[PDB]
Structures are given as structure tokens and as C-alpha cells.
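Engineer: Before anything else, here's the structure in question.
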2 protein chains.
Amino acid sequence: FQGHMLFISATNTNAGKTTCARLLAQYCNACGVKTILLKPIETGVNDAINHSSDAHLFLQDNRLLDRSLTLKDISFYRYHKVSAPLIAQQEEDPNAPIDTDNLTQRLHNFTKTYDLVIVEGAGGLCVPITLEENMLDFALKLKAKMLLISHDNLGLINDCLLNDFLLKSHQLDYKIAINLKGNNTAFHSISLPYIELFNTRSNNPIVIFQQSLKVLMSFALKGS
Amino acid sequence: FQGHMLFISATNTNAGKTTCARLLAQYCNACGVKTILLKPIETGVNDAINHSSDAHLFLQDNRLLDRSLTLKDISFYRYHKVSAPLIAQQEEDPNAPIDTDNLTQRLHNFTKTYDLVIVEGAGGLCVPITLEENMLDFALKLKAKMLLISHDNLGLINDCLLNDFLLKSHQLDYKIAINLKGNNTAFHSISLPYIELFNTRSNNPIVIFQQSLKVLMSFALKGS
Ligand SMILES: Nc1ncnc2c1ncn2[C@@H]1O[C@H](COP(=O)(O)OP(=O)(O)OP(=O)(O)O)[C@@H](O)[C@H]1O
Ligand SMILES: Nc1ncnc2c1ncn2[C@@H]1O[C@H](COP(=O)(O)OP(=O)(O)OP(=O)(O)O)[C@@H](O)[C@H]1O
Ligand SMILES: [Mg+2]
Ligand SMILES: [Mg+2]
């Protein structure tokens, strides 16, 4: 086939999409699986003054494979407002609604030249991009597999389970992974006991990202 | 009929269930609608040393209507662990799983003596109480109407919409209300524009709790 595509969403902004995407692409590249990182839609940015956005971080990693890449090759709709993409678009670029057909073509074109195309979303599964589409709708149009990153604090059970319910209600292959930060052992005492129970009872277990690089590479690449 | 029952859940722990429950019961009581506040399951508590739990706050309000009430009349399963109720029960009281049939009877008994019975949950809709039941399952067994309180920060769109999807997938009457705190005007600039759009497109709008005491009293009391 052409390259596989993995969408990375999250329980919440700041949960760890970019951290975990970069760690997974680094692992895949070190294993010989040629992997690009894309951030098609990004809010909260000011490219004139700041070179630290998700797309900038992705670009640095990506240029290890292709020096010719530039920011506009990997990120397409960019906004100053710290908001849902739909509202940032309506306010800053009223005449250019986000075109997910166009995004789908652009992203799929990278499956010619990479074994894996990782696509970071923004906001959350239900965050609106157009009047008719949210991030999940975008992921569904892409026909990507889904990696949902969860935070590692109290509340992760509820947040993971809300996302599980939405995702299992749709036709896509997905995996929920907790981004377990350094210095957190409350997790193991408070939340992990339920994750373990849930996993005995579920055909699609919740994993810990840091434990799961090999499993998540396998997941991303499996099948058609 | 007997008294109505309203379950209060939230997008997240600390979103404002207890604050909003107390404000709604105060309003209802001031309108002549005799209203009790119940906290059937509570984690994170130490009653030997602290008289500030949700059940204690509810009890103070409730004793304005019935001096004879005590803590054990309005809260039934109480745990020290700051966790999901299921894990706190398994660790602290292994031989007493939470009995939602029993809770249902206890809570329904208050519909003899009150016009409205407000029931605060814990944790979130998907938080586990028994091996087979979460908070939503409990609310469904109660045949209560549902008030879901959302936080007022960035992320509320995603969180409200995840809960909306779960709730609309079940057979219950529900209302999502944002607990808009004092000193937050970022809300109006960042999140409200989408809430307004959503509400033009939805048959069940997301409201702002502070704007909605009368509407939410009407909601709680309407019909059978
Ligand atoms: N495992 C981790 N260990 C330490 N720091 C982390 C970890 N994961 C995330 N962080 C830090 O938390 C912050 C948020 O992480 P990150 O940018 O990966 O999240 P995000 O989900 O991509 O956010 P956004 O929604 O803005 O795209 C960053 O400063 C990051 O360095
Ligand atoms: N509208 C508000 N204005 C000011 N403070 C608020 C507001 N709502 C909540 N708070 C404060 O935020 C904290 C959490 O609120 P509250 O206890 O109502 O949340 P909760 O959802 O009931 O939490 P829990 O999940 O622990 O039951 C409390 O200290 C409360 O006083
Ligand atoms: Mg990011
Ligand atoms: Mg409370």
C-alpha cells in the first residue's frame, strides 16, 4: 500500500499530543520506518515572532529526513486566536473556511514518500473545524487510524471513557494511551487499578504511552 | 406525582456541582419548591476530623427544612481515598459493594417529603461505582432528570460535546450548564461564540448556569 496514517488526538489540550507524536516518530524512524509529523491546523500561534509552535517542532524533526521542508509544507491553517479552529477561522479569515477535502489530499500525498504519516489534531475530538465537521470527522475522512492521548491526572478515567464511547461508536481503528509524566506515582495508586480492571473487560485496552512504543508502531502499521 | 429528582453530574471533578446544586436548591426553596440536597456517594472525606465535605454542606442547608437530618440520612457510601468510588470501595470496604438498588430506594423515599430531590454524583458520568455500573447508569436507574455542570475554561467545548454525545445516546432528559465563575471574561471571547452557534443548531442548548436558575427549576419540575 502507500504509507499508513495515524491521527493523534487527546482528551484535552496540553495532554501531550506533540510530545508523544515526536517520541513515536523518533522511535519509528530509528526502526527504519520513515515517518513524517504534520500539524495541519494550529491555533494560538504567531509565526512572525515565535518559532516554537507544534509545526516548528515537527519541522525540525522532519528536516532530519528532508532538508527542503518548510513550515507551509506541514501546516496549512494557522491562527493567532487561542480557541477552536472554527472560531479562529471565522474571526481571522472569514473568507477561507477550512477545507478538509483539500487537507485530505495534502496529507495523503505524503503517503507516497513516507512509511507513516502522523497527523496531530487540535483541541479534541469534538472541537469544531468547520460548521459541519469536528476533528473526529476530519480523522474519519482521512481514513487514518487514531491514537488518543490522555492526561495522567485524576479525571483520566472519566475522560478516557467519554472518548472511548465516542470512538467505539464510529468506524475507525483506535487506541487510547496515557501520557504518564515523570514524577507521577499518584497515577499508579489512584487510576491504574481501574485501568487494569477495564482492560480485563475490554477488547481494546487503554495503554500507557511510555510502555507502548513498539505496540503503537505495530498498531499504526498493521494491515491495509 | 411524588417529588421530582434531578441528578447533578459534571464534566470534571471540581467543575462546580456542589456550588450550583446549593444555588439551585436555595432558589427553589425561596420559590416555595421544597428541595433537599443529597450526596449518596462521596470520596476523599474524613468525617472524624473534617465537617466540610459536600454532604456536610448539604446537611447545613437541609437542616433549614428539617432539624432532625443527620449526615447518614443524606450520604451513604463514604470513603477516604481520593479516587473513583469503585476503587475506594474495593480498597476500604471490600465486603460492601455499592448497592444502587438500595440507593434508588433511599433517594426515592425523599420524593414523599420534598417537591425536588437533588442528587450530586461524583467523578463524572463514566466514573465506575460498581463493576457493572457508572454514574450515568445510576442516574438512569433513578429515572432522574440530569443536570451536567461544565467548567468555564478553554476545553469546555470539547468536554460539553463529549458528554452531550453520551447523554443523547441514552434515554433521559438532560441539560448541560456552564458554571461561569466571577472574573472570567475570556469565556465570552473564546468559547461563547461556539456555544451560540451550537445552540442555533441543537434542539437541546447548552446554557450558562448563572443565567438559568428559573429555566433549570422549570426543567427539574416539568411533567411526570
Ligand atoms: N511525558 C511528559 N513529560 C514531561 N513533560 C511533558 C510530558 N508530556 C507533555 N509534557 C509537557 O507538557 C506541555 C504540553 O505537552 P504537549 O505540547 O505535548 O501537549 P499537546 O497535547 O500537544 O498540546 P496542544 O493541545 O497545545 O497541541 C509541554 O510543555 C510538554 O513539554
Ligand atoms: N461560580 C463559582 N464562583 C466561585 N467559586 C466557585 C464557583 N464554582 C465553584 N467554585 C469553587 O470551586 C471549588 C470547586 O467547586 P465545587 O465544590 O462546587 O465543585 P464540585 O464539582 O462539586 O467538586 P467535587 O467533584 O469535588 O464534588 C470550590 O472551592 C468552589 O467554592
Ligand atoms: Mg501539540
Ligand atoms: Mg461536590
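Going by the C-alpha cells order, chains are called A, B, ..., each with residues numbered from 1, while ligands are numbered from 1 in the order shown.
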Identify every residue of chain B that has at least one atom within 8 Å of any atom of chain A, counting only C-alpha atoms, and report the result as JSON, numbers by chain.

Structural biologist: {"B": [12, 13, 82, 83, 84, 87, 123, 124, 125, 126, 127, 154, 155, 157, 158, 161, 162, 163, 165, 166, 190, 191, 193, 194]}

Engineer: Okay, now the selection with C-alpha atoms, as a PDB file, in the first residue's frame?

Structural biologist:
```pdb
ATOM      1  CA  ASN B  12     -14.844  17.109  35.725  1.00  0.00           C
ATOM      2  CA  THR B  13     -14.297  16.918  39.404  1.00  0.00           C
ATOM      3  CA  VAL B  82      -9.463  10.430  46.504  1.00  0.00           C
ATOM      4  CA  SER B  83     -10.438   8.134  43.618  1.00  0.00           C
ATOM      5  CA  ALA B  84     -13.362   6.601  41.652  1.00  0.00           C
ATOM      6  CA  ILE B  87     -11.691   1.561  43.737  1.00  0.00           C
ATOM      7  CA  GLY B 123     -16.338  11.919  39.458  1.00  0.00           C
ATOM      8  CA  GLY B 124     -18.183  12.118  36.114  1.00  0.00           C
ATOM      9  CA  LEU B 125     -20.687  10.256  34.011  1.00  0.00           C
ATOM     10  CA  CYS B 126     -18.343   7.395  33.184  1.00  0.00           C
ATOM     11  CA  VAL B 127     -16.791   7.029  36.640  1.00  0.00           C
ATOM     12  CA  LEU B 154     -10.700  26.510  27.487  1.00  0.00           C
ATOM     13  CA  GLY B 155     -11.680  22.965  26.715  1.00  0.00           C
ATOM     14  CA  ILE B 157     -16.457  22.909  24.190  1.00  0.00           C
ATOM     15  CA  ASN B 158     -14.858  19.520  23.800  1.00  0.00           C
ATOM     16  CA  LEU B 161     -19.763  17.896  23.478  1.00  0.00           C
ATOM     17  CA  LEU B 162     -18.296  14.548  24.641  1.00  0.00           C
ATOM     18  CA  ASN B 163     -20.905  14.496  27.443  1.00  0.00           C
ATOM     19  CA  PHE B 165     -22.843  12.650  22.775  1.00  0.00           C
ATOM     20  CA  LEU B 166     -23.020  10.145  25.627  1.00  0.00           C
ATOM     21  CA  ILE B 190     -13.093  32.316  23.283  1.00  0.00           C
ATOM     22  CA  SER B 191     -15.885  29.793  23.971  1.00  0.00           C
ATOM     23  CA  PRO B 193     -19.129  32.213  20.129  1.00  0.00           C
ATOM     24  CA  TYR B 194     -19.265  28.455  19.521  1.00  0.00           C
TER      25      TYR B 194
END
```

Engineer: Would you kindly return, as a ChimeraX atom specification, each protein, DNA or RNA residue with an atom no farther than 8 Å from any atom of segment 30-33 of chain B, considering only C-alpha atoms and excluding same-chain residues fewer than 3 positions away?

Structural biologist: /B:26-27,115-116

Engineer: As a quick test: using only C-alpha atoms and all ligand atoms, which residues lie no more than 8 Å away from ligand 4? Give them as a ChimeraX atom specification.

Structural biologist: /B:13-14,16-19,53-54,120-122

Engineer: So that I can check the surroundings of segment 99-103 of chain B, please list as a ChimeraX atom specification every protein, DNA and RNA residue that reaches within 9 Å of it, counting only C-alpha atoms and ignoring chain neighbours fewer than 2 positions away.

Structural biologist: /B:40,76,96-97,105-108,129-130,133,138,141-142

Engineer: Keeping only C-alpha atoms, take the residues you just selected and write them out as an mmCIF file, in the first residue's frame.

Structural biologist:
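Heads up, here's the output in result32.cif:
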```
data_model
loop_
_atom_site.group_PDB
_atom_site.id
_atom_site.type_symbol
_atom_site.label_atom_id
_atom_site.label_comp_id
_atom_site.auth_asym_id
_atom_site.auth_seq_id
_atom_site.Cartn_x
_atom_site.Cartn_y
_atom_site.Cartn_z
ATOM 1 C CA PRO B 40 -25.165 9.486 48.154
ATOM 2 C CA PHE B 76 -24.471 6.573 52.332
ATOM 3 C CA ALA B 96 -19.677 -3.951 50.870
ATOM 4 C CA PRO B 97 -20.001 -3.156 47.133
ATOM 5 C CA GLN B 105 -34.935 3.243 47.297
ATOM 6 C CA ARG B 106 -33.381 5.658 49.739
ATOM 7 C CA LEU B 107 -33.370 8.523 47.283
ATOM 8 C CA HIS B 108 -36.854 7.877 46.052
ATOM 9 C CA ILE B 129 -19.365 2.843 41.096
ATOM 10 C CA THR B 130 -19.647 -0.985 40.832
ATOM 11 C CA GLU B 133 -22.344 0.477 36.759
ATOM 12 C CA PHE B 138 -27.022 5.129 38.451
ATOM 13 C CA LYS B 141 -31.767 3.594 37.319
ATOM 14 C CA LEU B 142 -33.053 6.557 39.378
#
```

Engineer: Among the residues of segment 23-171 of chain A, find those DSSP assigns to strand (DSSP E or B) from the backbone and print them as a list in words.

Structural biologist: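 Taking segment 23-171 of chain A and keeping strand (DSSP E or B) only, one gets residues 35, 36, 37, 38, 41, 42, 77, 78, 116, 117, 118, 119, 120, 128, 134, 145, 146, 147, 148, 149 and 150 of chain A.
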
Engineer: What's around segment 205-221 of chain B at 6 Å? Count only C-alpha atoms, leave out sequence neighbours fewer than 5 positions away in its own chain, and write the answer as a list in words.

Structural biologist: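 Residues meeting the cut-off are residues 176, 177, 178, 179 and 199 of chain B.
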
Engineer: Can you tell me which residues surround residue 34 of chain A at a distance of at most 12 Å, considering only C-alpha atoms, apart from same-chain residues fewer than 2 positions away, and format the answer as a ChimeraX atom specification?

Structural biologist: /A:3-5,24-32,36-37,61-62,64-66,110-118,217,221

Engineer: For the alpha helix (DSSP H) assignment from backbone DSSP, which residues of segment 18-211 of chain A qualify? Please present them as an NGL selection string.

Structural biologist: :A and (18-30 or 54-62 or 71-74 or 85-92 or 100-109 or 135-142 or 156-168 or 186-190 or 192-201)

Engineer: Write out as a list in words the residues lying within 8 Å of residue 174 of chain A, counting only C-alpha atoms and excluding same-chain residues fewer than 6 positions away.

Structural biologist: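 The residues satisfying every condition are residues 145, 146, 147, 148 and 167 of chain A.
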